[PDB]
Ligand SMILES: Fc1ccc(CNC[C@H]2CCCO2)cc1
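For reference, the chain that follows is the form solved without this ligand, supplied as structure tokens.
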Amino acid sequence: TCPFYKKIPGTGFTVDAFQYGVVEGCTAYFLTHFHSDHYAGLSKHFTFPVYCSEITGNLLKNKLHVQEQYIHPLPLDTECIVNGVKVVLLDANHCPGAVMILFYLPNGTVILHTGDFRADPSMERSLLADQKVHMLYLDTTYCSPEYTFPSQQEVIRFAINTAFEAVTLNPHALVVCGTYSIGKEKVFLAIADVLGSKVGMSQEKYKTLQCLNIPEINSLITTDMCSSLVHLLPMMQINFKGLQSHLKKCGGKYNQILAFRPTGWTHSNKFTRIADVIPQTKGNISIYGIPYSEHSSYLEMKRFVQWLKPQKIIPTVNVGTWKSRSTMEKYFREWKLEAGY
């Protein structure tokens, strides 16, 4: 059935709850971002109001074929009334089009649902600063102190410097980047830019990217693989067998591949600095695993919550085991006791 943590009290609202059939009592279905664990169940057959950002709304229409009449895009940073309740969408610093939702309940309670987010100090100067939030529905993906990772800017600098050196030493090397969803576009775009190439990809993936309102996008991507020296492929194909295969396809235009796998966290983070990362190599193929995250580190999540000072926290991730639930709850208490709320 629909879990309680997908339901917003005192409203007829749900959040990221599209795989339970008709949810009894639900008058509006909010969608925080276009990732499949969250949109699961949507299709052209859906006949209830969907509320979301403009970008998420472009992907609903084009990729899932949801009917225009049921898509209700809202602008960010703007007080909006939905079925008699004041809401606000905010940038979640996750993938394109990803939002957090502020609900202002008729009774005076204020609820923030983060969706999926990477907490940032810039959030402390949005409309969140203007009033008190009583309840926080929190993206707890990396809610444990072992989860450190570098800034996004540091990771992109590593990737750009690595690719530029490799191709300047060998102008017949190909660069390949993995993808399985929207997000982490800066990886392949920043590498393409430093190399003076467009990024080459399949028709399906090009269509996906053309929904994202990225400025000057026609100048950065293409479906002509032959004219491009940065290729995007399915994350599944980022391994030695899949890469040798792909190299054969290019017809002797290239004699080396340098590939990037943007992972979330991986255990070499607890030991290794970004400056010290190394590839796995077999022959003329090298694969780099780089920790580009679009979720909060443990310290970023902690700072956000200690700034916000909510009265109650409802986790939306890792809720499936008693061990994880009990661990999260202990961090919440530490944080509250250290900060004094």
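Each form is matched to the other, and the largest set of C-alpha atoms that superpose within 1.5 Å is called the rigid core. The first residue of the sequence shown is number 1, and the count goes up from there.
A.B. asks: After a rigid core fit, does 213-221 or 107-115 show more C-alpha displacement in 9 other deposited structures of this protein?
C.D. replies: Farther from the shown form on average in 9 other deposited structures of this protein: 213-221.
A.B. asks: Which is higher on mean Cα B factor in this entry, 186-194 or 91-99?
C.D. replies: Going by the record's values, the stretch with the higher mean is 186-194.
A.B. asks: Between 202-210 and 215-223, name whichever shows the higher mean Cα B factor according to the PDB entry.
C.D. replies: In the deposited entry, the stretch with the higher C-alpha B-factor mean is 215-223.
A.B. asks: For the CA B factor values reported in this entry, which option in 109, 237, 114, 141 has the top one?
C.D. replies: Top of the list by C-alpha B-factor: 237.
A.B. asks: From 47, 293, 306, 58, can you pick the one with the highest C-alpha B factor in the entry?
C.D. replies: Of 47, 293, 306, 58, 47 has the highest C-alpha B-factor.
A.B. asks: Considering only modelled residues of the same chain, in which third does the CA B-factor of residue 120 rank: lowest, middle or highest?
C.D. replies: Its C-alpha B-factor, which the entry lists for residue 120, ranks in the lowest third among residues of this chain.
A.B. asks: Ordered by C-alpha B-factor within the chain, which third holds residue 152? Give me lowest, middle or highest, please.
C.D. replies: Bottom third by C-alpha B-factor.
A.B. asks: Grab the CA temperature factor for residue 30 from the record and place it in the lowest, middle or highest third of its chain.
C.D. replies: According to the entry, residue 30 has a C-alpha B-factor in the chain's lowest third.
A.B. asks: Ranking the modelled residues of this chain by C-alpha B-factor as given in the entry, is residue 180 in the lowest, middle or highest third?
C.D. replies: Its C-alpha B-factor, which the entry lists for residue 180, ranks in the highest third among residues of this chain.
A.B. asks: Splitting the chain's C-alpha B-factors into thirds, which one does residue 298 fall into?
C.D. replies: Lowest third, going by the recorded CA B-factors of the chain.
There is another form of the same protein, the form solved in complex with this ligand; it is not shown, and what comes next is about it.
A.B. asks: So which of 206, 265, 158, 164 gets a non-hydrogen atom within 4.5 Å of this ligand in the deposited complex?
C.D. replies: Of the candidates 206, 265, 158, 164, 265 is the one lying within 4.5 Å of this ligand in the deposited complex.
A.B. asks: Choose from 80-88, 198-206, 222-230, 136-144 the stretch whose residues reach within 4.5 Å of this ligand in the deposited complex, heavy atoms counted.
C.D. replies: Result for this chain: 136-144.
A.B. asks: Taking only heavy atoms into account, state which residues of 176-209 are within 4.5 Å of this ligand in the deposited complex, ordered by sequence.
C.D. replies: Counting only heavy atoms within 4.5 Å of this ligand in the deposited complex, no residue of 176-209 makes contact.
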